[PDB]
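Single-letter residue listing:
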Amino acid sequence: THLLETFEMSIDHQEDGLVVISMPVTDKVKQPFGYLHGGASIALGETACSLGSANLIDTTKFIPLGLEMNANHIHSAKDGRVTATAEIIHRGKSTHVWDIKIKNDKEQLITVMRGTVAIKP
Amino acid sequence: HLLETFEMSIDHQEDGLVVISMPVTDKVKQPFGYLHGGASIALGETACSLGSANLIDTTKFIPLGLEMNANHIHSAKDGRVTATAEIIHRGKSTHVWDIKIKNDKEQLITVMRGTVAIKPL
Amino acid sequence: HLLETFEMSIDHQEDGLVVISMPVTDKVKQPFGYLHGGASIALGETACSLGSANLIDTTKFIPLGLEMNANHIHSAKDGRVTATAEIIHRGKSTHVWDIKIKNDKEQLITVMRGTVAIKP
Amino acid sequence: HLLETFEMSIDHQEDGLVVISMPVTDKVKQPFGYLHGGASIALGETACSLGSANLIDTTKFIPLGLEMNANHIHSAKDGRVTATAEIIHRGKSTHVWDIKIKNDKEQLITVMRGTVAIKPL
Ligand SMILES: CC(C)(COP(=O)(O)OP(=O)(O)OC[C@H]1O[C@@H](n2cnc3c(N)ncnc32)[C@H](O)[C@@H]1OP(=O)(O)O)[C@@H](O)C(=O)NCCC(=O)NCCS
Ligand SMILES: CC(C)(COP(=O)(O)OP(=O)(O)OC[C@H]1O[C@@H](n2cnc3c(N)ncnc32)[C@H](O)[C@@H]1OP(=O)(O)O)[C@@H](O)C(=O)NCCC(=O)NCCS
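What counts, and where the lines are drawn
These residue numbers run from 1 along each chain by written sequence and may not equal the entry numbers. Residues without coordinates are not shown. Chain letters start at A and ligand numbers start at 1, both assigned in the order the entries are written. The side-chain values count all of the structure's non-hydrogen atoms but skip hydrogen atoms and water molecules. Per the convention used, a helix needs a DSSP run of H or I reaching at least four residues, while a strand needs a run of E reaching at least two, with both numbered from the N terminus. Just to be clear, the radius of gyration here is over C-alpha atoms, and the globule rule we use is 2.2 Å times residues to the power 0.38. Residue exposure (1.4 Å probe, protein chains only): buried if accessible area is under 20% of the type maximum, exposed if over 50%, otherwise partly exposed. Two residues qualify as a contact provided that any one of their heavy atoms is within 4.5 Å of a heavy atom in the partner residue. All accessible areas in this document rest on Shrake-Rupley with a 1.4 Å probe, and a residue is counted as covered only by the protein chains that are shown. The charged-residue count follows a simple rule in which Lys and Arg add positive charge and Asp and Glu add negative charge, with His and chain termini not counted at all. Just so you know, the charge point we use is NZ for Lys, CZ for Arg, CG for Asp and CD for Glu. For each residue, the test is whether any non-hydrogen atom lies within 4 Å of the molecule or strand; if one does, the residue is near. Throughout this description, a polar contact denotes any pair of N or O atoms lying within 3.5 Å of each other; where both atoms belong to protein, one of them has to be capable of donating a hydrogen while the other can accept it, and for residues adjacent in sequence the pair is counted only when both atoms sit in side chains. Cavities and pockets are defined on a 1 Å grid built over the protein atoms alone: a cavity is a set of grid points where a 1.4 Å probe fits but cannot escape, while a pocket is an open set with protein on both sides within 12 Å along at least five of seven lines, and lining residues are those with an atom within 4 Å of any such point. For a molecule to be placed in a cavity or pocket, more than half of its atoms must lie within 2 Å of the grid points of that cavity or pocket. As used here, buried area is the combined drop in accessible area, with a 1.4 Å probe, of two parts when they are placed together. We call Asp, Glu, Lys and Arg charged. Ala, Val, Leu, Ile, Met, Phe, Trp, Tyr, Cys and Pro are nonpolar, and the rest, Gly among them, are polar. Here, a strand pair is defined by DSSP locating no fewer than two bridges between the strands. Salt bridges are defined by distance alone: a side-chain nitrogen of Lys or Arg within 4 Å of a carboxyl oxygen of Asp or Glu.

- Method information in the entry identifies X-ray crystallography as the source of the structure, with 2.000 Å recorded as the resolution.

Have a look at this one:
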């Protein structure tokens, strides 16, 4: 579990094609200046869509591998919690594509992301 | 401080080139688990943020990650990963960075491009 | 001018929203040939720049595509494709746009995110 | 046929490397107008797609652009632009390509990364 544990992530909701994961903005995940590290936000996103893809496939026959991730950083986070909402865009045979939005307490967009997950035999 | 959480070590910095490594330990692994893709990307974003900070007057400007993208190529299970960030474009208001992240065996783990905004303090 | 090359038609505009279409013809196809991924991406970037123009004083500023990314989801063989660009963020120096490109059969062809720099 | 529409010329090919140029004309400009960002990207996607095609049996497989990203660095108002695609990773089911697009003055216009899926015909 341990990066999920390291960042103290909590899965707030899962259903087919939708994953919501939150985490506290603490000093251990901040940049030095310091705001929430952009990379920590991206890691939260990649966690959410990887979990979503795993939930959509037969994990005894297939494995979901993060293939491509991209992200725009929009607003900063200094404290409280941030929440990633991952919604599936495309559930293909060999790839899943996910839209992920990461917000702070004040409902501001911190990071917007798209992730492509490879579905491998 | 994420730099400290992931035990990142700056191996080399010069104008337009930053090399930062970190050990693949449980704290940065996915549950299964290999090195978490998000941790790899965070290492990358740290490297180019540091590079950009090194190119500007940090008493007047702040380097903020604007856009990040990444392809995950191979997995890392142990040893170290090393991010090498080389500047592609040093603009007035934006920097663009190429980042390659390799494991011990010189395998490409993640390749990234990062866009860093240079904003007034 | 490429707008003309691809026969783009603005179907709807309002602040922070653009809907723009184009026909899928041979001139924008791959050899095999499907709708070229690059043509779809060009429709998207067009949507972005137009949208940003509608949001700024174009007598003082110019919207320049800064970063673009895209996932190609389905192929398009014929008919028309329609890009809906909705703004995510209206900043001083950048605008971020979400773009969805669908075909006639209401299939998702391409999804994009665009970052447009606002320059003097 | 887009290649013809854009008047593209294949200047050099070898395994894992493609160079394709095209003129900067009114057919591919923005209204303002410089070279359309979409046109540059289209050139890039053409180059890596050709690169992947040159590495496979195209009577059995087809190279399909899966994910494309690009940073636009400088504008082009005239002359020719040249895209150089070098392969980063040759996997069984995906290829990842680095693409640099330059003008006559040897300036970087667009930098791109392309992920190409290899699908059975
Ligand atoms: C998405 C894609 C990359 C493959 O990944 P995938 O999602 O796991 O493959 P899937 O089988 O699940 O996707 C099915 C759809 O993708 C497309 N597709 C799948 N295999 C294809 C092939 N061998 N040839 C052409 N198109 C194909 C079809 O549009 C298909 O729609 P359908 O399900 O109604 O038949 C690829 O199929 C695709 O859509 N490419 C977009 C077109 C494009 O970029 N053209 C320019 C080439 S540079
Ligand atoms: C969006 C951004 C790239 C600049 O583009 P911009 O749209 O032209 O700038 P804007 O002022 O119009 O954007 C406003 C928001 O961006 C953020 N921002 C803008 N300038 C900033 C600065 N100098 N320092 C910190 N955050 C800033 C703020 O959250 C701001 O929110 P607000 O309007 O409610 O005050 C950048 O400001 C940003 O938000 N980066 C995200 C944080 C990040 O990546 N941190 C990790 C650094 S490696």
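## A look at the overall build of chain A
Then, number 1: For chain A, the count of helices and strands is 2 helices and 6 strands.
Then, number 2: Its C-alpha atoms give chain A a radius of gyration of 14 Å, within 12% of the compact-globule value 14 Å for 121 residues.
Then, number 3: Over its C-alpha atoms, taken along the principal directions, chain A stretches across nearly 45 × 25 × 20 Å.
Then, number 4: Counting only residues that meet the buried cut, chain A has 57% of its 121 residues in that class.
Then, number 5: Sequence separation of at least 24 residues holds for 59% of the intrachain contacts in chain A that already meet a minimum separation of 6.
Then, number 6: Element-wise, carbon and sulfur atoms account for 50% of the exposed surface of chain A, whose accessible area totals about 5,000 Å².
Then, number 7: Here chain A contributes 12 positively and 14 negatively charged side chains, and the mean placements of these two sets differ by 4 Å.

## Examining the site of ligand 1
Then, number 1: The local shell around ligand 1 holds 19 residues, among which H90, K93, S94 and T95 of chain A together with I73 of chain C are the closest.
Then, number 2: Here an oxygen atom of ligand 1 and a side-chain polar atom of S94 of chain A are 2.4 Å apart.
Then, number 3: Contacts to ligand 1 include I73 of chain C, whose backbone N or O atom sits 2.7 Å from an oxygen atom.
Then, number 4: Computed on the free molecule, ligand 1 has an accessible area of 900 Å², of which 78% lies beneath the protein chains in the complex.
Then, number 5: A majority-of-atoms criterion places ligand 1 in the second largest pocket.

## Quick look at the interface of chain D and chain C
Then, number 1: Listed per partner, the contact involves 32 residues of chain D and 32 residues of chain C.
Then, number 2: In total, chain D and chain C occlude about 2,500 Å² of area from one another, counting both sides; carbon and sulfur atoms represent 59% of this.
Then, number 3: Elements that contribute at least two residues to the side of chain D that touches chain C include exactly α1 (2-5), α2 (37-55) and β3 (61-72) of chain D.
Then, number 4: In terms of residues, the side of chain D that touches chain C owes the most to one element, β3 of chain D, which gives 9 residues.
Then, number 5: Taken together, the residues of the side of chain D that touches chain C sort by class into 14 nonpolar, 13 polar and 5 charged.
Then, number 6: As defined by bridge partners, strand β3 (residues 62-72) of chain C adjoins β3 of chain D across 5 bridges and the pair is classed as antiparallel. Bridge pairing in β3 of chain D places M68 of chain C opposite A70 of chain D.

## Side note on the interface of chain B and chain D
Then, number 1: At the junction of the two partners, chain B supplies 14 residues and chain D supplies 14 residues.
Then, number 2: When chain B packs against chain D, the two sides together hide about 1,100 Å² of surface, and 51% of this comes from carbon and sulfur.
Then, number 3: For the chain B face of the interface with chain D, the top three residues by lost area are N71, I73 and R113 of chain B, together amounting to 44%.
Then, number 4: Seen at the junction of chain B and chain D, the total is 0 salt bridges.
Then, number 5: Linking chain B to chain D there are 6 residue pairs in polar contact.
Then, number 6: Here the side of chain B that touches chain D takes 5 residues from strand β6 (residues 108-120) of chain B, the largest share from any one element.
Then, number 7: Across the side of chain B that touches chain D, the residue classes break down as 7 nonpolar, 5 polar and 2 charged.

## Focus on the site of ligand 2
Then, number 1: Close contacts around ligand 2 come from 20 residues, with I74 of chain A, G65 of chain B together with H89, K92 and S93 of chain C the closest.
Then, number 2: Of the chains in the model, those with residues near ligand 2 are chains A, B and C.
Then, number 3: Here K92 of chain C contributes a backbone N or O atom positioned 2.7 Å from an oxygen atom of ligand 2.
Then, number 4: Relative to its unbound accessible surface of 900 Å², ligand 2 loses 78% to contact with the protein.
Then, number 5: Within the residue set of the shell around ligand 2, elements represented by two or more residues are α2 (37-55), β3 (61-72) and β6 of chain B.
Then, number 6: Take the shell around ligand 2: its biggest share by element is 4 residues, from β3 of chain B.

## Section: the pairing of strand β3 (residues 63-73) of chain A
Then, number 1: Most of β3 of chain A sits out of view: 8 of its 11 residues are buried.
Then, number 2: Strand direction decides the pairing type here: β3 of chain A and strand β6 (residues 109-120) of chain A, joined by 10 bridges, are antiparallel. Counterpart to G66 of chain A in the pairing with β6 of chain A is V117 of chain A.
Then, number 3: Where β3 of chain A and β3 of chain B come together, 5 bridges link them in antiparallel fashion.

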